[PDB]
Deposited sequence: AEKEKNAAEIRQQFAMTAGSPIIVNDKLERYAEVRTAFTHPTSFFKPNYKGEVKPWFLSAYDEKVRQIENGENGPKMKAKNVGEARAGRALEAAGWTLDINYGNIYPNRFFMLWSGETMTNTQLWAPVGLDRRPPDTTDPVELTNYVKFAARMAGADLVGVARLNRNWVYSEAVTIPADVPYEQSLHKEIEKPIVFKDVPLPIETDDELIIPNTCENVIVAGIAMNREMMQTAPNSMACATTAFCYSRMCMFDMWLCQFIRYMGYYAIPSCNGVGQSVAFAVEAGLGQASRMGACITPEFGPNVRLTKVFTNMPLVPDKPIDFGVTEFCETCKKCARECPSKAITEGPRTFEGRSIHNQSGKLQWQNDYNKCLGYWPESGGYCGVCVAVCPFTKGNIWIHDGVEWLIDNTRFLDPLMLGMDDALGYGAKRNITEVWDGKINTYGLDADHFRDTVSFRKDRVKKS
């Protein structure tokens, strides 16, 4: 008989011994956030469909408008009618409600405050003194169970803990001056160093973002996207599950940081800022790095968003996991073949970056992310075809042979229906939601 899927068993079977799994060499240096394709001047500008050169997201806007007027849900993809085209873009736009300028990357601005002191919730609760009272728990074992329970309340589908590896913290962040209002933010972005110093609390000066040397740990959350919507990549409904999950990321960071602060510790939110989420997720055991560059998880494949919170709270690091992703990516190459921009390499991993957008000195598949971003104005969305076609995104990959779990090798050989089809709360799927149930035994050992 078919053995019922056991996600906790799978993670236990593939757990590794302690140690960062990312292989590095001597040319590794911390990476300035401005180098990402979203922000770097060499990649930031893209043509629109009339050949006008604009910030990439404005060119993409032009294409969304064109598609709605032409009754399309994506590039050369006709919608049922204009109203359906409109509805997909309204859903996408609404999804971003709790996210600043596509990713919340500015540290200690807007939702990403490094201290709780000025938040309305902190002010309302001030008479209890939870953020001023010294911790009543210092045991990392109990703290890990408490904070993971809170993380699940706060919307994480996956949660893991690692020691903080500063290699993946950006050398300089992209941010805005503290006196700049929102409406000018996109015109006034600057860089600011992230430094580690002997100070009691995270603090920002005119010159630096200062993380305490006591900031020992990073908590990484996975925020699951919706399978049916992502499978419409590169069309509008894939954009909408992406967007909603960014607002879920923001809520998660704020909720969890407040919990940690009210336990007597400090906490730094990040969403897409501060450091490289994929590396932290790999070191925290959520999954493995992949050819496409994302963290592939046993539960969701790469079809999951990541955020993270940095803290001095004592915690028990999780073990990394190796369920064979590297070996499957070595022979699969479906994302590379299906990529509309040919951004993903079909070659071997190297330590040598393809361009300014890659951090050299770590063994990975090196992809051309200027090519990827170039397809976003062309398609009017955030693509996601590589996530959509990856066999690990399928809900159906795990089989049990009577002794142990294994990956089914056979897996590697329209939008109207989405709007009319299955949905559940937050786009989660009840046919798989059991996979993320959690008891103390799987939160801390």
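Missing C-alpha coordinates mark the following deposited-sequence intervals, in order: 414 to 430, 463 to 464.
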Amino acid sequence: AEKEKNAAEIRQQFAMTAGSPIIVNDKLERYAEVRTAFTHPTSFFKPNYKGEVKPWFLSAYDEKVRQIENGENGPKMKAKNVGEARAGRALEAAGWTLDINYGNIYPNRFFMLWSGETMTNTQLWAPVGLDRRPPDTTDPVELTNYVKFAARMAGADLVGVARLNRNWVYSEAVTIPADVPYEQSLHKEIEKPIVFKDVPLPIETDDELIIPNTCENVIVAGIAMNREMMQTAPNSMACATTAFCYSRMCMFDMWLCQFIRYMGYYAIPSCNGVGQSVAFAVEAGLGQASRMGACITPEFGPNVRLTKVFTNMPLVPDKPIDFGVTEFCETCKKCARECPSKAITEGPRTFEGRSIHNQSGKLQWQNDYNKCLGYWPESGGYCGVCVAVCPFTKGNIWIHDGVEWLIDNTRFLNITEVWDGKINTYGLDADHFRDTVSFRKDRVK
From here on, numbers count along this sequence of modelled residues.
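The records show that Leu413 is omitted from the coordinate set of at least a third of the other eligible entries of this protein. The mean Cα B-factor in the deposited entry runs higher for 79 to 87 than for the other of 79 to 87 and 92 to 100. Legend: mean Cα B-factor per stretch from the PDB entry, 204 to 212 versus 143 to 151; the higher mean is in 204 to 212. Remark: of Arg163, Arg261, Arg305, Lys333, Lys333 shows the highest value [criterion: C-alpha B-factor in the PDB entry]. In this entry, the residue among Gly285, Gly301, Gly71, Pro107 with the greatest C-alpha B factor is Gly71.
The deposited CA B-factor of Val418 belongs to the middle third of values across its chain. Among the modelled residues of its chain, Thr393 has a C-alpha B-factor that falls in the lowest third, as given in the PDB entry. Annotation for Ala294: CA B-factor lies in the lowest third of the chain's modelled residues. Per the PDB record, residue ranking by Cα B-factor puts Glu404 in the lowest third of the chain. Among all modelled residues in this chain, the alpha-carbon of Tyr182 has a temperature factor (C-alpha) in the highest third.
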